[PDB]
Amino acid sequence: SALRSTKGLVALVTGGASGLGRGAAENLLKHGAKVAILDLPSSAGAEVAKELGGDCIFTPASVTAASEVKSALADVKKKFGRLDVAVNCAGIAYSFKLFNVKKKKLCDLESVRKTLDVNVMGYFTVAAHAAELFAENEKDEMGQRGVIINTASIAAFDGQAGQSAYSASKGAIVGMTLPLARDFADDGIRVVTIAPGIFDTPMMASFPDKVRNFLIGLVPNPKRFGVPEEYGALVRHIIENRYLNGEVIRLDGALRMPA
């Protein structure tokens, strides 16, 4: 077969203590992978990795701290010997207008900087160090050494009012996908991005039932939030068929976020 198994592959998943990252971790472990969850010391990463078993470790690190990402990845190398997959999933989401015209108040622009730091700089930091570990691998049967899977958002395409900073960070992840795939083409490292629609994760837990019902009403079909396993399954499919590369895949039940 031209498709490979996930069995015995080593994957790092940032933001893996929660939501979509945890969904990807569970799906990969379920199909025989070793998984390191990278998440904040304040996260529940230790408890999550414990419940997920002996093929799952928790490497605490902030993706905005390059030295912490370096050491987390060096612990992955010590524990599992190699890295095959890096899943960029950690991210934060703000909602604010740049200038409230009615009340004449400027936003806090540092909220733009923090969004860009976690959601973009963290992806570059994790991608750079993952590539360093991949370069230790021998090219496999397909000439491959690793794959980087980034988590953007349909906000990169359908950004709503209040989301300019978030949509900018997600559009940055869209824009980096193809040049990075081109950078690593002859090194055998693919780069693919998933753009989820609305998924039922802690990121959406602040919303009350009225807002949840309104957001579900917008999703054409299936008429529900996505579930983390469906994101994890798409992550797994990218891992298994090597001809996916340099592309952004919308996973959203045909949602287009309205004005």
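When you see a residue number, it is the position in the sequence shown, counting from 1.
Here 167-175 and 71-79 are compared by their mean Cα B-factor, and 71-79 comes out higher. The stretch 201-209 shows the higher mean C-alpha B-factor when 35-43 is compared against 201-209 in the entry. Looking at 49, 192, 234, 195, the one whose CA carries the top B-factor in the deposited record is 49.
Comparing C-alpha B-factors across 155, 86, 107, 120 in the deposited entry, the largest value falls on 107.
Residue 257: CA B factor in the middle third of modelled residues in this chain (values from the PDB entry). Sort the modelled residues of the chain by CA B factor and residue 186 lands in the highest third.
When the modelled residues of the chain are ordered by C-alpha B-factor, residue 113 sits in the lowest third.
Per the PDB record, residue ranking by Cα B-factor puts residue 227 in the lowest third of the chain. For residue 221, the recorded CA temperature factor ranks within the lowest third of the chain's modelled residues.
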